[PDB]
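See structure below.
Rule-based calculations on the coordinates, nothing more; no lab input. Every residue, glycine among them, receives a Cβ derived from its backbone with ideal geometry; neighbour counts consider all protein chains shown.
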Amino acid sequence: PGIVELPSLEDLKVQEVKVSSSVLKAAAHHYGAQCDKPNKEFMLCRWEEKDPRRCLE
Amino acid sequence: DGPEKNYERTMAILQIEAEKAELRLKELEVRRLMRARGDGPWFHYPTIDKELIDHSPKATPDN
């Protein structure tokens with residue numbers, strides 16, 4: 001009953017953040033303050049779209 | 001009692017019994033269709049009340 005669309009590998013290719021959880025936790029408080037806008041935009045998109053494929057950008 | 005009173009009293013009796021008879025047959029036909037199709041007040045078996053659903057945002061986004 002209908003095939004599932006998937007993005008291409010090139011669609012999912014991004015420059016990842018390769019730092020350990022201790023690095024994230026040390027920076028978490030400032031990181032939440034400095035990056036709240038694109039972060040909250042992305043979270044708003046996920047809870048609205050309910051679809052990981054509709055939030056890649 | 002005169003023949004006329006008995007005569008017309010009988011018509012009154014016949015009218016009621018014929019109106020009851022027609023309704024008895026209609027009720028059976030209505031019950032036949034309500035039970036078979038489920039689109040009437042009778043044979044209306046309960047389904048879950050959708051007011052029990054919580055629509056608040058959940059801990060995760062896919063739901």
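Could you run through the stretch A:10-57 and say how many residues are among the aliphatic types (A, V, I, L, M), outside any loop (DSSP other than H, G, I, E, B) and away from chain B (no Cβ under 14 Å)? Total meeting the criteria: 7.
Residues that are outside any helix (DSSP H, G or I) and of a type in the set (V, I, T) within the stretch B:4-63 comprise B:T47, B:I48, B:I53, B:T60, listed in sequence order.
The selection criterion, being within 30 Å of A:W47 (Cα to Cα), within 14 Å of chain A (Cβ to nearest Cβ) and loosely packed, with under 10 Cβ neighbours inside 10 Å, holds for B:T60. In the condition set (1) at negative phi; (2) more than 14 Å from every other protein chain (Cβ to nearest Cβ), B:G38 is compliant with all but (1).
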